[PDB]
Every structure is written in C-alpha cells, then in structure tokens.
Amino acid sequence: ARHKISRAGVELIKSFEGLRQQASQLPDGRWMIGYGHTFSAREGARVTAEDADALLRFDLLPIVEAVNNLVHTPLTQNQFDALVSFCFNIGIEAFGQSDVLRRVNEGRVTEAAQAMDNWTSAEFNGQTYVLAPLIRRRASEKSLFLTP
C-alpha cells in the first residue's frame, strides 16, 4: 500500500514555485531551472512548463518515498498529497522529527493539521519572524490535508 503523489498534489506544489525557463547560476556555482531543479540543471539549459513538470516530479521522488516510509497509519490521497507538499517544503529530516508526523502516526489528523502552524517562521540572529508566504502555504496544505 504505497502512495503516489496525484496530479492535483503536483499542481499544489508547483503553485508555490515560480517557473524559471532558463538555467540560472547559484552562488555555489550550480545551475537551477524549472521549479527549483538542480541535479540535472546545466549551463544554457532551457525548459518548457512540461519539462519543468517532469523535473519537479524527479525532485519529489525522495519525498514520496520518505512520506511512505515515515507514515505508519493509512492515508487518503489528499492527506498524502498535502504531506508530500509539506515534507518537500520543510525537508525530509525536519519532517522525520516533526510534531506533524507524530500526530499523523497517532491518528490525530486534526492535531497534525494544527501542528503545521509551527512551520511558518524563520530565524534572523536568534529572533523568530513569521513568513507571510508560509501562512498562505500552510492554509492550502491544511485545506487539502483535511479534505476527504
């Protein structure tokens, strides 16, 4: 009973990303393209929205694996899709250790959704700042997560 990210799930994730049709260089010298893709992005590469979709699905493969491996309770497709989006955003390591995952594994779906509110801030020299984009992101993830 392994889950796959649905097309709707992919579109949700893409909705938080900006399409870059042309490879741009990062500080560390690597190249980025599509929806933040780097592993096969090279100097001078160009992508269509179709190509960027394919690359995003490559980047999501280890997230899909992680969520399947870390969640022991049964999930609905919507729950899985939202958790993949969430896990993609915060990273597998943080997801593994998260309040969200703990709740999910306890069968406390509502509390899992609420736990996502803990993931809406960044640190600047030890101070916490709420990120408006993460509030928007969390609202969308939580909505999907809690749709039957």
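One-based numbering along the sequence shown.
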{"query": "Per the entry, higher mean C-alpha B factor between 83-91 and 44-52", "finding": "44-52"}
{"query": "Between 137-145 and 3-11 (mean CA B-factor, as deposited), the higher", "finding": "3-11"}
{"query": "Chain thirds of CA B-factor: placement of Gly29", "finding": "highest"}
{"query": "Third of chain Cα B-factors occupied by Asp59", "finding": "lowest"}
{"query": "Among modelled residues of the same chain, the CA temperature factor third for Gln97", "finding": "highest"}
{"query": "Third assignment of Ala122 from its chain's C-alpha B-factors", "finding": "highest"}
{"query": "For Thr38, the third of its chain into which the C-alpha B factor falls", "finding": "lowest"}
